[PDB]
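Structure 1 and structure 2 below are two forms of the same protein chain, each written out on its own as structure tokens.
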Structure 1
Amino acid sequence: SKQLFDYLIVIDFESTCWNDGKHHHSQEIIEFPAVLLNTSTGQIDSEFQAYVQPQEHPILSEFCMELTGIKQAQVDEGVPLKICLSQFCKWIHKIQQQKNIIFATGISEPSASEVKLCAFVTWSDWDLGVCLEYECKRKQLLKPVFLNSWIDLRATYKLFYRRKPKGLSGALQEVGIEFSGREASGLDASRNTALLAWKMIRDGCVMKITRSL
């Protein structure tokens, strides 16, 4: 089948988290990874990664550092979220000078010309729908407008294969991709989600937008 988007940008945020009985409502991004997937060659053409220095809870709990694999010295070495969106936009602008990529709000037909369509792919509506949305509203930051529509890969998986997977790891195993060990985080989790997305593309899945704000 012919794909609608010529590129996919896969994002899997890591955030502050605790397991200690207390009542936490807000979470802060601590890692911003993204991989540019080529939906016709299956290769990763570019990558972005930044460590976000949390402001509201600057000290990572032991549970968080164990779960995400991020060490305190890395978020201490990182930039605040506002500077992180700036670097992410410069990266988005760089792959546009290189790949001639545009973000369109409602595509009905694939490109037949020199332009290349692109969309963001997440494993859930949590990254761009809850995490970055509430934090941008809470910190009153200017959120890039192209991050308001994305592809929920989990919903796409549930409908293309007609089965509920046991997480992102369970999804990879059910299609023959067997990986063992600790749960991957950050950029490594983004690469694995892109590996899943590319496998679904080869199986005949047409990636379409699932959420709009």
Structure 2
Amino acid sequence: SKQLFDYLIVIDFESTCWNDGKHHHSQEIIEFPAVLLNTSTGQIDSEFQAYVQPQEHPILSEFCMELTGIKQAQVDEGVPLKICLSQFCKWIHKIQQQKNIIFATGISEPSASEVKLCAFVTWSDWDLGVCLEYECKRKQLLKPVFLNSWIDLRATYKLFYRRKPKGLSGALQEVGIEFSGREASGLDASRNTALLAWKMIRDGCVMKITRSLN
């Protein structure tokens, strides 16, 4: 099976959250992880991780610290989301200059092996379609335009293996990949999502864009 993208960037956001019934607050990203997956070798050639300091609700709840495993001192040393997006773009620009990566849906010219097509992968459409999207609009921040299209890996998992998975853990378990300890979060969840994408590629799944916000 021939893949369209030479690299995927897998992202699994962690954010503030509460489950106190009908009290509803505004959620802010607290961890911004990304792993660069090589669709030809299967390895992780580069990683990005930044803890984001919340501004509207800077105190992490016990439910949130229990769910994400993130301690208070980590978001206290972290940077606001605005600075985080600048750091992430610097990382994107770095991996472009190193691996000759562009973000395109296809080359309308004969293929040149020097250029590499890359795409963003998330588990659900929640990361780049809900979490980062509706937070940038509410804080009037500039969202990088290359995060407006991605690959919903859960939807890709459903139509490929022809079954409905019960979360990222359930999907990994059904294909024989079992991890130990608590459910991964942040950079660990991103690495495991990239493992699932690599397993799907080995099984012959061609990763295609599933959602666009344009």
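Only residues modelled in both forms are compared. For the two forms, the rigid core is made up of the largest set of C-alpha atoms that agree within 1.5 Å on superposition. Quick note, the numbers are simply positions in structure 1, starting from 1.
Once the two forms are fitted on their rigid core, between the two structures the CA displacement reaches 2 Å or more only for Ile107 among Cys131, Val79, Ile107, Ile92. With the core held fixed between the two structures, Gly204 has its Cα displaced by under 2 Å. Core superposition places the Cα of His25 4.2 Å apart between the two structures. Core-based superposition between the two structures puts the Cα shift at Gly181 at 2.5 Å. Every Cα shifting by 2 Å or more, across three or more consecutive residues, marks a moved region; comparing between the two structures on the rigid core, these regions are 19-22, 105-113.
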